[PDB]
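What follows is each chain in one-letter form.
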Amino acid sequence: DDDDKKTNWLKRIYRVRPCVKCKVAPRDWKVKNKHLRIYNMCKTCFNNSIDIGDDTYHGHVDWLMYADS
Ligand SMILES: Nc1ncnc2c1ncn2[C@@H]1O[C@H](COP(=O)(O)OP(=O)(O)O)[C@@H](O)[C@H]1O
Ligand SMILES: [Zn+2]
């Protein structure tokens, strides 16, 4: 099944690129209808970048969740 190719790519994508900032925690994400949105930062570093006023790492990549459009 072609959806399983997409699910294990996403599974991988998420497990091998950790938080841009701390580079150990993995990334915050959320599901938005057909897409998985992977934020660049883990939650803790994200909240901290608001406190310290850095917004250099702010951002996300969306990924279509399914093999077919
Ligand atoms: N954990 C995080 N790491 C990096 N950037 C983030 C994180 N959470 C939110 N952001 C950024 O802050 C803004 C708010 O995003 P989000 O709540 O996904 O937008 P929307 O509310 O329109 O869905 C976006 O630029 C998003 O990329
Ligand atoms: Zn982090």
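Per the PDB record, this model was obtained through X-ray crystallography at a reported resolution of 2.700 Å.

Under the PDB entry, the name given to the protein is ATP Binding Protein-DX, and the source organism is unidentified. Its PDB title, taken directly from the record, is "A non-biological ATP binding protein crystallized in the presence of 100 mM ADP".

Listed as protein donors to the zinc ion (ligand 2) are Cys19 (SG), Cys22 (SG), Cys42 (SG) and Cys45 (SG); their distances from the metal cover 2.3 to 2.5 Å. Taken in chain order, the donor set of the zinc ion (ligand 2) reads C-x2-C-x19-C-x2-C. Separated by 23 residues along the polypeptide, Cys22 in the loop between helix 1 (2–16) and strand 1 (29–32) and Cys45 in helix 2 (residues 43–51) bring together distant segments of the chain. When its relative accessible area of 31% is taken as the criterion, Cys22 is described as partly exposed.

Moving on: the side chain of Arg37. In this fold, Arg37 is placed in strand 2 (residues 35–39). With relative accessibility at 16%, the residue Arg37 sits in the buried group. Engagement of the side chain of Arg37 in a polar contact is seen with the side chain of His60, the distance being 3.4 Å. Reaching out from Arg37, the side chain makes a polar contact with the side chain of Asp62 at a distance of 2.7 Å. Beyond its immediate stretch of four places on either side in the chain, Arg37 contacts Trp29, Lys30, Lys32, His60, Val61 and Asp62.

Procedures and definitions
These residue numbers run from 1 along each chain by written sequence and may not equal the entry numbers. Residues without coordinates are not shown. Throughout, the order in which chains and ligands are written sets their labels, letters from A for the former and numbers from 1 for the latter. For side-chain calculations, the full set of non-hydrogen atoms in the structure is used, while hydrogens and water are omitted. Each metal's donors are the N, O and S atoms found within 2.8 Å of it, except that Na, K and Ca use a 3.2 Å limit; water is left out, so coordination can look incomplete. Only DSSP runs of H or I with at least four residues qualify as helices, and only runs of E with at least two residues qualify as strands; both kinds are numbered from the N terminus onward. Throughout, exposure labels follow a simple rule: accessible area from a 1.4 Å probe, protein chains only, divided by the maximum for the residue type, with under 20% read as buried, over 50% as exposed, and the rest as partly exposed. Whenever a nitrogen or oxygen atom comes within 3.5 Å of another N or O atom, the pair is scored as a polar contact, on the condition that within protein one atom can donate a hydrogen and the other can accept it, and that pairs from neighbouring residues in sequence are kept only if both atoms are in side chains. Any two residues having at least one pair of non-hydrogen atoms within 4.5 Å are treated as being in contact.

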